[PDB]
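Coordinate inspection notes
Spelled out, the chains give:
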Amino acid sequence: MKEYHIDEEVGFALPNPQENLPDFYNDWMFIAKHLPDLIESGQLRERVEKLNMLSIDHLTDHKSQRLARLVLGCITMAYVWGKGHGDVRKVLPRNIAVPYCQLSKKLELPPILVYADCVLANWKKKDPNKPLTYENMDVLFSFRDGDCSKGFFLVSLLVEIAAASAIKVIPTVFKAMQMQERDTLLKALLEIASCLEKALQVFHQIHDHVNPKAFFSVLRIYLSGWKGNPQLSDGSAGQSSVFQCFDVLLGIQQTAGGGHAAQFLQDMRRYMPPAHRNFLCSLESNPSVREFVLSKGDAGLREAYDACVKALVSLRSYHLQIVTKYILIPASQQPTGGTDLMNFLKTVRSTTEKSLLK
Ligand code: HEM
Ligand SMILES: C[C@@H](C(=O)Nc1ccc(Cl)cc1)[C@H]1CC[C@H](c2ccnc3ccc(F)cc32)CC1
């Protein structure tokens, strides 16, 4: 499906991403690289304002353009937030502004650190002929020390990658539908569910690598989309495609409704690469797997469909426990409306659960 920029092995994630910019952008790299210390000390802001307005042109191809969105990305948040206690003032200088606001409008992304940046493009396997495991993976850019931004980015990543096993049968699904192949479609739906259960195991690792109290107080403030004030020019899991992909594959209508829950999810598409946005919709353009599976009156097909929905609902429900442990509890011990959030996340679990057909 490579015109949508999906990869057999590594899903929506950018495969084997650039980790060296050109030389002309050695200025940029050596802020971003040594960024735990520039924030800690305070000589980050210093060093950004004491810089020049580099052109984006020398960035040739995609992989290189995207690394640039990352480097500029971590720099922007770190600059604007600072140490993340009071200093959060003062809009970016036009040194970093125009590149980011140029390169963002080029790659059709927002001028802001997104999932596509800080997870998808933000990794490398250390020993190039070793497997996609936690040992043999590391991120390109952290923010502080003990922000657990390695564990976080990489567990996030490894889920995209488990999902990649399911995503890659989806043509087999739509193929076997139009060509009236019950047996083919049936296996294809058990494959998906059997992979989406695999996706939950990877998810368990979050406990192991990401520290609860660390994440809340330290790291999340730099991924907080539009907290603060941009003040530049004319005006992060859950920006993931993985969940909305299979929302749509299984004809589960989240974004259909007159509700906040729904519109939030459809807005999240604007934080995705354009190619993924494109992909998602293509799925919607296709005949409904849900409606098809219903018409046939085939007990074993509903079973294999209900298995994919089970699998999703499973993921969503676990996701909540993770939020309890990594937001709610930590959020308490931190000297009104509060958590409508858990409403939101349930409202979406709920809606997925409703799409079961016994
Ligand atoms: C410490 C780890 C995580 C925490 C604390 C967390 C927290 C949250 C929260 C609070 C939301 C609601 C909107 C918001 O972000 O403000 C959210 C939404 C979401 N998160 Fe996460 N998340 C985590 C990891 C993940 C991972 C690894 C994935 C996928 C690989 C994921 C997938 C989603 C999705 C798809 C949504 C949109 C709502 C939905 O589809 O149900 N999250 N997350
Ligand atoms: C930052 C917020 C926001 O403000 N939105 C917003 C949307 C539109 C507009 Cl116009 C303004 C703001 C919104 C919620 C806080 C952030 C957040 C919270 C809790 N857990 C997280 C876990 C991982 C992660 F990556 C981010 C997490 C994410 C983005």
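Residues numbered from 1 in each chain as written, not as in the entry; some residues may be left out. Chains lettered and ligands numbered in written order. Heavy atoms only, no water.

Structure determination for this PDB entry was carried out by X-ray crystallography, with a resolution of 3.20 Å recorded in the header.

Okay, the overall build of the protein chain next. Check the secondary structure of the protein chain and you find 16 helices and 0 strands. The C-alpha atoms of the protein chain give a radius of gyration of 21 Å, which matches the 21 Å a tight globule of 358 residues would have. Principal axes of the C-alpha set define a box for the protein chain whose edges measure 70 × 50 × 40 Å. Surface exposure of the protein chain reaches about 16900 Å², of which carbon and sulfur atoms provide 51%. Taking the average place of the 41 positive charges on the side chains of the protein chain and the average place of its 37 negative ones, the gap between the two points comes to 4 Å. (Helix = DSSP H or I, 4+ residues; strand = E, 2+ residues; numbered from the N terminus. Rg over C-alpha atoms; globule rule 2.2 N^0.38 Å. Areas by Shrake-Rupley, 256 points an atom, 1.4 Å probe, with all protein chains shown as cover. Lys, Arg positive; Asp, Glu negative; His and termini not counted. Charge placed at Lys NZ, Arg CZ, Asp CG, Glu CD.)

Our focus in this paragraph is the packing of aromatic side chains. Scanning the model with the defined rule gives 9 aromatic pairs in all. Judged by centre distance (4.9 Å) and plane angle (5°), the ring pair of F143 and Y222 falls under stacked. With a gap of 79 residues between them, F143 in the loop between α6 (115-120) and α7 (149-167) and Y222 in the loop between α10 (212-219) and α11 (242-249) connect regions that are remote in the sequence. Considered together, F143 and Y222 belong to a single accessibility category, that of buried residues. Their ring planes at 5° and their centres at 4.8 Å tell us that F152 and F215 sit as a pair that is stacked. Taken together, the residues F152 in helix α7 and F215 in helix α10 connect sequence positions 63 residues apart. (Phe/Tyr/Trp six-rings, centres within 6.5 Å; stacked < 30°, edge-to-face > 60°. Buried < 20%, exposed > 50% of the residue type's maximum accessible area, 1.4 Å probe, protein only.)

The sole protein-derived ligand of the iron atom of ligand 1 is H319 (NE2), positioned 2.3 Å away. Considering the arrangement of structural elements, one finds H319 in helix α15 (residues 299-332). (Donors = N, O, S within 2.8 Å, 3.2 Å for Na, K, Ca; no water.)

Moving on: the site of ligand 2. Neighbouring ligand 2 are the residues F152, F215, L223, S224, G225, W226, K227, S236, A237, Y271 and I327. Contact with the protein chains removes 55% of the 620 Å² of surface that ligand 2 exposes when unbound. In terms of residue class, the shell around ligand 2 is built from 7 nonpolar, 3 polar and 1 charged. (Near = heavy atom within 4 Å. Nonpolar A, V, L, I, M, F, W, Y, C, P; charged D, E, K, R; others polar.)

Moving on, we get to the site of ligand 1. In the neighbourhood of ligand 1, 18 residues make up the surrounding shell, with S156, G238, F243, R316 and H319 lying closest. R316 has a polar side-chain atom sitting 2.6 Å from an oxygen atom of ligand 1. Here a nitrogen atom of ligand 1 and a side-chain polar atom of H319 are 2.9 Å apart. Of all the elements in the fold, those that place two or more residues in the shell around ligand 1 are α7, α15 and α16 (341-353). (Polar contact = N/O pair within 3.5 Å; in protein donor to acceptor, adjacent residues only side chain to side chain.)

With that settled, the discussion passes to the environment of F243. Following the sequence through the fold, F243 ends up in helix α11. The exposure class of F243 is buried, given its relative accessible area of 19%. The residues contacting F243, other than those within four sequence positions of it, are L312, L315 and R316. (Contact = heavy atoms within 4.5 Å.)

With that settled, consider helix α13 (residues 274-285). Taking 1.5 Å per residue, 12 residues should reach 16 Å; α13 reaches 17 Å between its end C-alpha atoms and fits that length. Within the span of α13, buried status applies to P274, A275, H276, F279, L280, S282 and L283. Against α6, α8 (170-178) and α11 lie the buried residues of α13. (Expected span 1.5 Å × (residues − 1).)

A word on the domain arrangement of the protein chain. According to the domain assignment, the protein chain contains domain 1 (1-17 + 146-223 + 236-358) and domain 2 (18-145 + 224-235). Between domain 1 and domain 2, the residue contacts involve 39 residues of the former and 42 residues of the latter. Among the residues of domain 1 in contact with domain 2, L14, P17 and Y222 are the three that bury the most area, contributing 23% of the side total. At the junction of domain 1 and domain 2, the tally comes to 1 salt bridge. Between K150 and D138 there is a salt bridge, and its shortest N-O distance comes to 3.7 Å. In this assembly, domain 1 and domain 2 are joined by 19 residue pairs in polar contact. Elements represented by at least two residues in the side of domain 1 that touches domain 2 include exactly α7, α9 (182-209), α10 and α13. The greatest single-element share of the side of domain 1 that touches domain 2, amounting to 10 residues, is contributed by α7. Within the side of domain 1 that touches domain 2, the residues separate by chemical class into 21 nonpolar, 11 polar and 7 charged. (Domains from an automatic or database assignment. Buried area = accessible area lost by both parts, 1.4 Å probe. Salt bridge = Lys/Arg side-chain N within 4 Å of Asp/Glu carboxyl O.)

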